[PDB]
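Asks: my sequence and its experimental structure, below.
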Amino acid sequence: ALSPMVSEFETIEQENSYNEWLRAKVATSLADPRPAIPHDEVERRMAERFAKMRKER
Amino acid sequence: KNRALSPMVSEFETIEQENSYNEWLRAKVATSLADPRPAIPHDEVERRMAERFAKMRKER
Amino acid sequence: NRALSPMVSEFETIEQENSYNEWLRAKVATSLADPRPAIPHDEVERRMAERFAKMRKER
Amino acid sequence: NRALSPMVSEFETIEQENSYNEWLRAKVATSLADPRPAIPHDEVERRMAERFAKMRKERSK
Amino acid sequence: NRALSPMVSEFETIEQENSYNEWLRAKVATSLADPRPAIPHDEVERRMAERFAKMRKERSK
Amino acid sequence: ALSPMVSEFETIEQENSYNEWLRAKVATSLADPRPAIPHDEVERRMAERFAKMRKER
Amino acid sequence: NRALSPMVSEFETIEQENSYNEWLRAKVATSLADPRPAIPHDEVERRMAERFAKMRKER
Amino acid sequence: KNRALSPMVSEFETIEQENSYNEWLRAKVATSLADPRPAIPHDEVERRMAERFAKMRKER
Amino acid sequence: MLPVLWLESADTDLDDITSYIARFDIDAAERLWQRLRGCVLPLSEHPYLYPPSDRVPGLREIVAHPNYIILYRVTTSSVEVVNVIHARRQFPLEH
Amino acid sequence: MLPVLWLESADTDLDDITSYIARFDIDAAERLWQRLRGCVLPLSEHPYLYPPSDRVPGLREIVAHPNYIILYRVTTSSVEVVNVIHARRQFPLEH
Amino acid sequence: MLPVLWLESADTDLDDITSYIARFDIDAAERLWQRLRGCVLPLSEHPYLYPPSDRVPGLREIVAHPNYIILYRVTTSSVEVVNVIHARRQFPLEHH
Amino acid sequence: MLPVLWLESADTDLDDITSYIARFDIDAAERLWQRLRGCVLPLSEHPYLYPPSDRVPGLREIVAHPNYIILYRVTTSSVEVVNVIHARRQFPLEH
Amino acid sequence: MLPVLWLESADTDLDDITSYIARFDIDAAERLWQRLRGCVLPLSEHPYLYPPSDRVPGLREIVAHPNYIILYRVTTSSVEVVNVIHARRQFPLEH
Amino acid sequence: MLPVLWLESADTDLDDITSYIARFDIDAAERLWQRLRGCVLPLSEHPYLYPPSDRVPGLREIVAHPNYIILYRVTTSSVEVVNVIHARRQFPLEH
Amino acid sequence: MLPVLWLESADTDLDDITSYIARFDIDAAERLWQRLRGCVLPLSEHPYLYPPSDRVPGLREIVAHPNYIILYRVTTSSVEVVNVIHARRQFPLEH
Amino acid sequence: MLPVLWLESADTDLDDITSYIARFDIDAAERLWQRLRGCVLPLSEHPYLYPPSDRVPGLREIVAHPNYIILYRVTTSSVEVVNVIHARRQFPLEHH
């Protein structure tokens, strides 16, 4: 158990389950072979993403 | 009107909380700025801190 | 006199281009000679949020 | 389509703005699809000095 | 004193080199001891545009 | 005792005496009030130093 | 023709200044057209230490 | 001629050591460069290393 | 000075987070990307600016918003956005 | 380059926030101040680094931690910590 | 590193320009301020970045948008926004 | 640090603008190039300096002059000048 | 990052060189200043770029042109242009 | 940007140097390789960083440790570790 | 990019080391300063280049020569040369 | 980041210039190479640092010393020292 002032979680096991998940996530993301794309390509993939959503109206 | 927000879209549970939080913050900052007591530099706060924890550690 | 090609200038006439330049020169010179002390970016930022908020209220 | 104020936009009417922005999109897409590999700054710089030199020769004749 | 080859030095004889280097030392020392506070680049830039403008006016007269 | 391949010192106590001295030296140097001088001033103090030595010939 | 003031140019004559420029232009153009592949800085560095060492030996 | 150097002026005890060290280094590099065996990239040396220490740790 | 790069996996996170927010407010999903952006790009000149991650070592934490964290690593040649996560809940997920 | 200054009211918030965290974990109230520090001081050379506050105009928000926000204003002559607040709840107290 | 400061007269411009732009597009007024902002602040670490003004010497021009220019001066101790103007027309022509 | 490179198509744009201008003022043609060039090079050390293009995504806009825009893309190995355009009219044409 | 400042004495040098040159070529006066200026500004981000002066210690030499040298000193708060001199002759004079 | 390569002979030196340090302290032979690493790899982006070798021309010296020197050559296409040697004694061995 | 600064105490070391070497070879004392220089200045653009000191934490070690080490600290606003020491013996000393 | 390379012809210059300078001052020949070096190498991280050559377009001039100029070109993949010349006289005038 944890007080909200003390931690962003709820219990001591939440500070275990979330952090093991995050550790496993990053380790998956780093082991991933797909090369890192530069900021301006992400920027491009973004404008395309929001544009596709705005069209669904 | 009163709605139930997702913890993925806002840091507040409801919209009523956000309004009363944002008026509180506005009032807090406005109190803090209107306050006459002169601003102390970072190293004095740093000093007031080390003193604070030291006084607590002494309480067994 | 002589009007200018849009590729050549952002103005239509030479006469105009200058009238603009003299205006800008007079404007800057007025703005610099101004005694009122310079306000930091965050205060302008404040004056902005305040400005739009006052307009949105006039709904 | 409606008219635009110069404070609002760099264009005279929206019709123009649309025409221009589709042209620019088509231009960039043409320029990127182009096979000719990118030349470094100093070569463009070279092609420039040569360009103005050829013009200055044409004025004094 | 002896003569210098242009490959060896930017001066004609050592005598000059010494004369020049003492002058430069005295110049810098004068310039540093000077009380007038240092002006930022854009003010020198301003003083420049003004300088050339005044000259160009003097040529077309 | 230490082998020269293993350490730049001679004995295990040398890896104690030198490192305590260095720790005390840095701690003296950091506690020092005299403000840090920029590279070009050190450069100046240097040319002056060698010049004074060359004159002693 | 016209010789130049030392403040104005690093040459004595206009005639000269140009003769130098044309020479430099021809030199660069020869040096670029040269087929022998470019050697990296550290090899030039090597060729240097070698050069001075060979001279110091001629004592 | 043979001299006794200070460990504050040279990494060598005597001048005789410096000469025979610098001829050795010259001969070593010249052997290493003339060597036909192709150069291996950093990550392969890295691999050969982890393998080396692992084999040693296994020796009780 | 280091170039700002994102891992393919940190961009797959960006869709999964924006798409989820678009269901309620499409502009909130947009505003988030602008606060995300305003953290990621400043790193090009100030990489060692955000403290190291406690939960994940060798990574750095950007609490961009109370509910959102950017995780980056400063490489030999670039600043790398590793993942973007919800600071309180286990979201987005591996697929 | 601007000197880092705190408003007396922002330090009374540090007192009310750390004197409360100490009751559950005395080290957590310490760790917080160290994340509160390595976010307030970096501002001396980079003061226009954190985005402007939406709720409070003329101020800048530092989401130091999912539950905590630093509010500062970049003056003519200094970087000023205005208040430190709980990002989720109305805390610390009035006096 | 230099602090970014604005002259009262440069803000007086921002006012006139957003109040005017808004009477057509309240978001365009907003968006403009965000493009002006994204020019003005980057100057704190890179002040000598925008070229010097031709029309006004000792000042530097930021063509923030085809119709809008930011004019700043890099002082001994700060980066100073002198005026914000419409790049093509005489506006905002201070009425007092 | 990234090397500054131009696309063949952006140069065959520079030629076009300079040729039209020269028809009136050959020095204005020159002055433009100093400024166009004095925009492109600063990017080598500050690549994420100019905002992203709205009309063309994945590109960045340099309003070099009221009538002229430089469009560049930063990449993996270089800053790339894509095209140079008149900010107000459809000119120069693609070929 | 350091701001570029000139000593009053180096400017009252720039005037001198430009006035003498103009006596022959007023454009050569101009061309020089573009180059002198295009030497001084790059120092703001790369101050330790030009080697130290041999003749004058604590100063750095910029051979801007075969006939001209810029002398600068970097300090605590700014890069300072001390004097501009003719690399070969004693000119301009101090006053 | 240049790839980091080692000569077969420089790796046989690593073998002869670490297989000897392990006899007294197996961790010291490990720690050495980690200081030998974080000095060889940084060269990929900064290869002209270490000064040229005096004793051996065309090579560059890295005094990685008071007792150990890395010798590398910056080729047309790579950074090449030539040999790793004892800065004080004639070691490793010939074969 | 950080400016290179030396502590008054690291310069007092420089004399004490050069003056000691001048007794035997005045040029060796000079050559040392040139190898010292060639380590200290490169740090302005690559500060986090030399590994952290083991013996002294929060400092970084430059083994400039088998017998000499440069100790520096990378501050909020500068690269600071703390002390220069003999890598094998306790020299120079406190006075 | 670009690798620093020299053309065979630029080294052929260095040779002629040091062999000539040396016949008066063997240290001056050395010192020159150290000033040329301290110009050439810094280009790897800052290539667009020296201004373009007026006499030779597409090349960049380094006035390393009042009497000596380094001429380099920033290629797609490297910084290339084209020639090293005496800034005032036609030397070294390649005899073959």
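Replies: Structure's in. What do you need? Residues are numbered from 1 along each chain as shown, chains lettered A, B, ... in the order given.
Asks: show me where chain A has helices.
Replies: Along chain A, counting by DSSP state H, helices occupy A:14-31, A:39-55.
Asks: for chain M, find the nearest of those helices.
Replies: Across the helices of chain A, the minimum distance to chain M, taken as Cβ to the nearest Cβ, is reached by helix A:39-55, at 21.3 Å. In short, each C-beta sits where N, CA and C put it, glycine included.
Asks: just the buried residues of that closest one, please?
Replies: For helix A:39-55, the neighbour count (16 or more other Cβ atoms under 10 Å in any protein chain shown) marks A:39-47, A:49-50 as buried.
Asks: show me what residue I:6 bridges to in the sheet.
Replies: Taking DSSP bridges as the rule, residue I:6 bridges to residue A:37, residue I:81.
Asks: state the distance from it to residue I:44.
Replies: The gap separating residue I:6 from residue I:44 is 13 Å, by Cβ to Cβ, to the nearest Å.
Asks: which one's more surrounded, these two?
Replies: A count of neighbours by other Cβ atoms under 10 Å in any protein chain shown puts residue I:6 above the other of residue I:6 and residue I:44, at 26 against 18.
Asks: not counting sequence-adjacent ones, nearest residue to residue 3?
Replies: Just so you know, I chose chain A. residue J:24 (5.3 Å; Cβ to Cβ, 6 or more residues apart in numbering or on different chains).
Asks: meant chain I actually
Replies: Leaving aside its chain neighbours, residue I:3 sits nearest to residue I:78 (5.1 Å; criterion: Cβ to Cβ, 6+ apart).
Asks: that neighbour - how many residues pack around it?
Replies: By other Cβ under 10 Å, the residues close to residue I:78 number 20.
Asks: over to the one 3 residues further on?
Replies: When neighbours are counted by other Cβ under 10 Å, residue I:81 registers 27.
Asks: kindly report the same for residue A:11.
Replies: 11.
Asks: list the contacts of it.
Replies: Counting by Cβ atoms under 8 Å, 6 or more residues apart in numbering or on different chains, residue A:11 touches A:1-2.
Asks: and it, how far is that from chain P?
Replies: 49 Å (Cβ to the nearest Cβ, to the nearest Å).
Asks: go on, residue A:16?
Replies: Applying Cβ to the nearest Cβ, the value for residue A:16 to chain P is 43 Å.
Asks: ok, residue I:67 to residue I:82 distance?
Replies: For residue I:67, the distance to residue I:82 (Cβ to Cβ) stands at 18 Å.
Asks: over to residue I:16?
Replies: For residue I:16, the distance to residue I:82 equals 15 Å [Cβ to Cβ].
Asks: these two: which is more packed in?
Replies: Between residue I:16 and residue I:82, residue I:82 has the larger neighbour count (other Cβ under 10 Å), namely 24 against 14.
Asks: ok, the more buried one touching residue A:27?
Replies: No - at 10.2 Å, residue I:82 and residue A:27 do not qualify as touching, with contact defined as Cβ atoms under 8 Å.
Asks: residue I:84: which element?
Replies: If you go by DSSP states H and E, residue I:84 is part of strand I:79-86.
Asks: what's near enough to touch residue 49?
Replies: Answering for chain A, as no chain was given. Applying Cβ under 8 Å, 6+ apart, we find residue A:49 in contact with I:14-15, I:18-19.
Asks: wait, chain I
Replies: By Cβ under 8 Å, 6+ apart, the contact set of residue I:49 is I:42-43, J:42, J:46, J:49.
Asks: number of residues surrounding the closest residue to residue A:38 other than its chain neighbours?
Replies: Nearest residue to residue A:38, sequence neighbours excluded (Cβ to Cβ, 6+ apart): residue I:5, at 5.2 Å. Around residue I:5 there are 23 other residues, counting by other Cβ under 10 Å.
Asks: out of the contacts of residue A:49, which is most surrounded?
Replies: Neighbour counts for the contacts of residue A:49 peak at residue I:14, which has 22 neighbours (criterion: other Cβ under 10 Å).
Asks: pretty sure that residue sits in a strand.
Replies: No - under DSSP: H, G, I helix; E, B strand; the rest coil, residue I:14 sits outside any strand and is assigned helix.
Asks: any idea how far it is from residue I:91?
Replies: 13 Å.
Asks: residue I:92: what secondary structure?
Replies: Residue I:92 - assigned by three-state DSSP - is coil.
Asks: chain neighbours aside, what residue packs nearest to residue A:54?
Replies: Residue nearest to residue A:54 in three dimensions, not counting chain neighbours: residue I:26, with 7.1 Å by Cβ to Cβ, 6+ apart.
Asks: shouldn't the one you found be in contact with residue A:56?
Replies: No - judged on Cβ under 8 Å, residue I:26 makes no contact with residue A:56 at a distance of 9.0 Å.
Asks: count the residues that sit near residue 4.
Replies: If you meant another chain, say so; for now it's chain A. By the criterion of other Cβ under 10 Å, residue A:4 has 13 neighbours.
Asks: wait, I meant chain I there
Replies: Neighbour count of residue I:4, defined by other Cβ under 10 Å: 23.
Asks: dihedrals phi and psi, it?
Replies: phi -90, psi 120 (degrees, to the nearest 10).
Asks: how near is it to residue L:75?
Replies: Computed as Cβ to Cβ, the residue I:4 to residue L:75 distance reads 12 Å.
Asks: in which helix or strand would I find the residue nearest to residue I:32 when sequence neighbours are not counted?
Replies: Distance criterion Cβ to Cβ, 6+ apart; nearest residue to residue I:32, sequence neighbours excluded, is residue I:21 at 6.4 Å. Secondary structure assignment for residue I:21, by DSSP H and E: helix I:8-22.
Asks: could I have the helix or strand just after that helix exported to CSV, CA atoms only?
Replies: Moving toward the C-terminus from helix I:8-22, the first helix or strand encountered (DSSP H and E) is helix I:26-40. Taking Å, rounded to 0.1, in the frame of the first residue of the first chain, the C-alpha atoms of helix I:26-40 are listed here in CSV:
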residue,chain,number,x,y,z
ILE,I,26,-9.1,14.6,-31.3
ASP,I,27,-7.5,18.0,-30.3
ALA,I,28,-6.3,16.6,-26.9
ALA,I,29,-4.4,13.9,-28.9
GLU,I,30,-2.9,16.8,-30.9
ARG,I,31,-2.1,19.0,-27.9
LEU,I,32,-0.3,16.0,-26.3
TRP,I,33,2.0,15.5,-29.4
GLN,I,34,2.8,19.3,-29.2
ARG,I,35,3.9,18.9,-25.5
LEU,I,36,5.7,15.6,-26.5
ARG,I,37,7.5,17.5,-29.4
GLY,I,38,8.4,20.4,-27.0
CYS,I,39,10.4,18.0,-24.9
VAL,I,40,12.0,15.8,-27.5
